[PDB]
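Residue numbers (PDB author numbering): 1 to 581. The beta carbon of each residue, even a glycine, is placed where N, CA and C say it ideally should be. Written below as structure tokens is the structure these notes are about.
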Ligand SMILES: *P(=O)(O)OC[C@H]1O[C@@H](n2cnc3c(N)ncnc32)[C@H](O)[C@@H]1O
Ligand SMILES: [Zn+2]
């Protein structure tokens, strides 16, 4: 095969093998075989040896197996340079920007105005086929695989220049950014302060499977190798965005034409209105001269172009003192921290109570009490302490310390892992979760108990904990909330049938500290009865499979809890089987 042909196949092989490694270990819907997949991975290595030049440590071959094809974060120089934009914060400067451009033709020049997203990335394509995709700077990290987890990014193009380098951004939508931040808070990890960083991390994952469960989307706006001077007949910035879309590239961020600094400013304000109506955090707009041909004459500065500019929304950050900190208790039992700030003004709305997330965040940022703090809006939606103003410390700041007891039940607290929490099985703060967990198919299957009925039974006062479900024997109780006997009797038998699930499913229902779906069964077989387990010694618990010293000494305490004993007894009496099924 000719030198060129080998290159082409080598790109295609590296692709299909990356595609199917995704189609397999990530999506789980493979098309080709598990053995017919190795027929390509071996040929990749064959051409990679009779043409050693094309050896790229990005190739699948450098770390193979039946393991997830991880992305090599090796530094890579982009064909063309990826510049950054200069920042304007007033119409005076935007006007001055157009004035700077007046060193040639007339007065009001036409532009294309689009919104500002988060997370810069470049994607190099050869003969339409995709080679790599990197991060940013001057040299960027290779992360092709993690970019495959975003279904919108196209692999094969058509009618494109031999060497195409399309740019754009990979971002995480607010909803997702918020979902991720919640999972992190509960686990006791440090949360992200914005979508840029969260998109960064979610893309800087060894296991591309992780990147997939994160929101991650991508939008594309600019070209490089391939723009006009190469093969594309693109003349307008507006045509480019449509061109990009047509070729299968996802252009989701907003854009529209505008005449002169005056008209640019018209789009700006119309944008500033919708500053928090977009599915993503946009901190400004980007006005670019629409005539591509005029981009050549107009160069770049040391670190920025001349034909384009970034008009930014006002920075909504304010300084204030953290007066006191109060504690709340989540649905899962986790004692959450809340800082009571000196009333300040961010975007008109008055901020006075801000979240401190968890003990880690408080520790990282070194958040104390008498402290002055800079508070901002993460994702431009959730107020939080961006960082403390250290130097202004009077020395009398008090360090944030958790309470001995749970503020919502009085039970002594316990630090399970990285976050403080309430062990009390009957804590009122944990009722809804307790009931649901117990009703799920994995636990004691009780289908009728929808997420709504549980809170209705809780609100009305008919249920305080798990055992009370069995005392609802009276359908007279169930015949008032959207149910009318036809729906009542059907659930009455479910609460009844659930009595019969064994110790295995029963231990998993009462959610003990750490006792998983498997840890419950291995625990139930080894004890036979709830009574026996309640008399377990520390040793007997450790001797069990998967039970660590840390989880043994935990189960041991919950077992002796006068409240756990109570809940168990009241469930026994209702006739719930305490044995192994
Ligand atoms: P902002 O001051 O937050 O800077 C964001 C950087 O990312 C690039 N960028 C974001 N969004 C776009 C669009 N829509 N078009 C072109 N470039 C964008 C810029 O290079 C900013 O420097
Ligand atoms: Zn409690």
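For the alpha helix (DSSP H) that contains residue 476, what are its first and last residues?
The residue labelled residue 476 in the question sits at position 476 within the chain shown. Its alpha helix (DSSP H) spans residues 475 to 478.
Return the residue from the list 135, 214 and 551 that minimises the CA-CA distance to residue 417.
Sequence index remark: in the chain shown, residue 417 carries index 417 (1-based). That would be 551, whose Cα lies nearest to the Cα of residue 417.
Examine the Cβ distances between the region 443 to 450 and the region 496 to 508 and report whether three or more of them are shorter than 8 Å.
yes
Should residue 114 be counted as a contact of ligand 1 given a C-beta to heavy atom distance under 8 Å?
Taking the chain shown and counting its residues from 1, the one referred to as residue 114 is at position 114. Yes - ligand 1 has a heavy atom lying nearer than 8 Å to the Cβ of residue 114.
Contact between the region 312 to 323 and the region 414 to 430 is defined here as three or more beta-carbon pairs at a separation below 8 Å; is this criterion met?
no
Which same chain residues, not among the five before or five after residue 575, have their C-beta less than 8 Å away from its C-beta?
Along the chain shown, read from residue 1 onward, the residue named residue 575 stands at position 575. So the qualifying residues of the chain are 470 and 499.
Which listed residue (197, 113 and 206) has its alpha carbon closest to that of residue 145:
The count along the chain shown starts at 1 and reaches residue 145 at position 145. The shortest C-alpha separation from residue 145 is found at 206.
Assigned secondary structure, residue 118 (DSSP; H/G/I helix, E/B strand, else coil):
As a position in the chain shown, residue 118 is number 118, starting the count at 1. The answer is coil: DSSP assigns residue 118 none of H, G, I, E or B.
Let me confirm a value: residue 381 is counted as buried when at least 16 other C-beta atoms fall within 10 Å, else exposed. Which label applies?
Here residue 381 refers to the residue found at position 381 of the chain shown. By the neighbour-count rule (16 or more Cβ atoms within 10 Å), residue 381 is not buried but exposed.
Are residue 177 and residue 215 touching if we call contact CB-CB under 9 Å?
Taking the chain shown and counting its residues from 1, one reaches residue 177 at position 177. Taking the chain shown and counting its residues from 1, one reaches residue 215 at position 215. Yes, these two residues count as a Cβ contact at 9 Å.
Does ligand 2 have a heavy atom nearer than 8 Å to the CB of residue 403?
On the chain shown, residue 403 is found 403 positions in, with the first residue counted as 1. For ligand 2, not one heavy atom lies less than 8 Å from the Cβ of residue 403.
Consult DSSP for residue 382 and reduce its assignment to one of helix, strand or coil.
On the chain shown, position 382 is the one that residue 382 refers to. Three-state DSSP puts residue 382 in a strand.
Give the DSSP bridge partners of residue 373, in chain order.
As a first step, residue 373 is located in the chain shown; it is residue number 373 there, counting from the start. According to DSSP, which records beta bridges pairwise, residue 373 is partnered with 320 and 388.
Collapsed DSSP secondary structure at residue 305 in the structure displayed
As a first step, residue 305 is located in the chain shown; it is residue number 305 there, counting from the start. Looking at residue 305 - three-state DSSP - the assignment turns out to be strand.
Near residue 139, which residues of its chain fall below 8 Å by C-beta distance, leaving aside the five closest residues on each side in sequence?
For the purposes of this step, residue 139 is taken as residue 139 along the chain shown, with counting starting at 1. Excluding residues within five positions, the ones whose Cβ falls inside 8 Å are 75, 76, 77 and 78.
Three-state secondary structure (DSSP) of residue 247
Your numbering for residue 247 matches position 247 in the chain shown. Coil, per DSSP.
Inter-residue spacing [alpha-carbon to alpha-carbon] between residue 421 and residue 359
Locating residue 421 in the chain shown gives position 421, where the first residue counts as 1. Locating residue 359 in the chain shown gives position 359, where the first residue counts as 1. Those two C-alpha atoms are separated by around 11 Å.
Assumed close pair residue 164, residue 125 - CB separation to whole angstroms, cut-off 8 Å:
Here residue 164 refers to the residue found at position 164 of the chain shown. Here residue 125 refers to the residue found at position 125 of the chain shown. Confirmed, about 4 Å.
Own chain partners of residue 505 with C-beta closer than 7 Å, once the 5 adjacent residues on each side are dropped:
Numbered from its first residue, the chain shown carries residue 505 at position 505. Correct list, in chain order: 443 and 444.
How should residue 531 be labelled, buried or exposed, when 16 other C-beta atoms within 10 angstroms of its C-beta is the threshold for buried?
On the chain shown, residue 531 is found 531 positions in, with the first residue counted as 1. By the neighbour-count rule (16 or more Cβ atoms within 10 Å), residue 531 is not buried but exposed.
For a test of your reading of the model: does the CB of residue 420 fall under 8 Å from any non-hydrogen atom of ligand 2? Yes or no.
For the purposes of this step, residue 420 is taken as the residue at position 420 of the chain shown. Every heavy atom of ligand 2 is 8 Å or more from the Cβ of residue 420, so no.
Measure the alpha-carbon distance for residue 403 versus residue 59 and round it to whole angstroms.
Position 403 of the chain shown, counted from the start, is the residue given in the question as residue 403. Position 59 of the chain shown, counted from the start, is the residue given in the question as residue 59. Cα-Cα distance, rounded: 54 Å.
Does the beta-carbon of residue 221, which I'm using as the reference point, lie nearer than 8 Å to any heavy atom of ligand 1?
Your numbering for residue 221 matches position 221 in the chain shown. Indeed, a heavy atom of ligand 1 lies less than 8 Å from the Cβ.
Could you check if residue 270 is buried or exposed, using at least 16 other CB atoms within 10 Å of its CB as the buried criterion?
For the purposes of this step, residue 270 is taken as the residue at position 270 of the chain shown. So residue 270 counts as exposed.
Ligand 2 and residue 437: does the residue's C-beta get closer than 8 Å to at least one heavy atom of that ligand?
Here the question's residue 437 lines up with position 437 in the chain shown. Answer for residue 437: no, Cβ out of range of ligand 2.
Residue 466 in three-state terms, based on DSSP
Position 466 of the chain shown, counted from the first residue, corresponds to residue 466. In the structure shown, residue 466 sits in a helix (DSSP, three-state: H, G or I).
Rounded straight-line distance, which links the Cα of residue 2 to that of residue 96
By one-based count along the chain shown, residue 96 stands at place 96. By one-based count along the chain shown, residue 2 stands at place 2. Cα to Cα, residue 96 sits roughly 55 Å from residue 2.
Which whole-angstrom value is the C-beta distance of residue 387 and residue 374, which I expect to be below 8 Å?
As a working note, residue 387 is residue 387 in the chain shown. As a working note, residue 374 is residue 374 in the chain shown. That pair is a contact at about 5 Å.
Near residue 212, what residues of its chain come up, given a Cβ to Cβ distance below 7 Å and the 5 sequence neighbours on each side ignored?
Here residue 212 is taken as the residue at index 212 of the chain shown, counted from 1. So the qualifying residues of the chain are 26 and 149.
Taking the beta carbon of residue 48 as the centre, do at least 16 other beta carbons fall within 10 Å, making it buried, or is it exposed?
Numbered from 1 along the chain shown, position 48 holds the residue referred to as residue 48. Residue 48 is buried by the Cβ-count criterion.
Which parts of the region 205 to 229 are runs of the beta strand (DSSP E), unbroken and 3 residues or longer, counting only runs that do not cross its ends?
217 to 219
Residue 135 and residue 219: beta carbons closer than 9 Å?
Along the chain shown, one-based indexing puts residue 135 at 135. Along the chain shown, one-based indexing puts residue 219 at 219. Cβ distance not < 9 Å, so residue 135 and residue 219 don't count as in contact.
Quick check on the burial criterion: 16 or more other C-beta atoms within 10 angstroms. Buried or exposed for residue 491?
Reading the chain shown from its first residue, position 491 is the one you call residue 491. Looking at its Cβ environment, which holds 16 or more other Cβ atoms inside 10 Å, residue 491 is buried.
Could you tell me which of 489, 175, 291 and 63 sits nearest to residue 278, measuring between CA atoms?
Sequence index remark: in the chain shown, residue 278 carries index 278 (1-based). Selected option, being the one with the closest Cα: 175.
Determine which residues share a DSSP beta bridge with residue 345 and list them.
Translated into the one-based positions of the chain shown, residue 345 becomes position 345. Answer by DSSP bridge pairing, in chain order: 350.
Is residue 434 near ligand 2, with its Cβ less than 8 Å from a heavy atom?
As a working mapping, residue 434 is identified with position 434 in the chain shown. For ligand 2, not one heavy atom lies less than 8 Å from the Cβ of residue 434.
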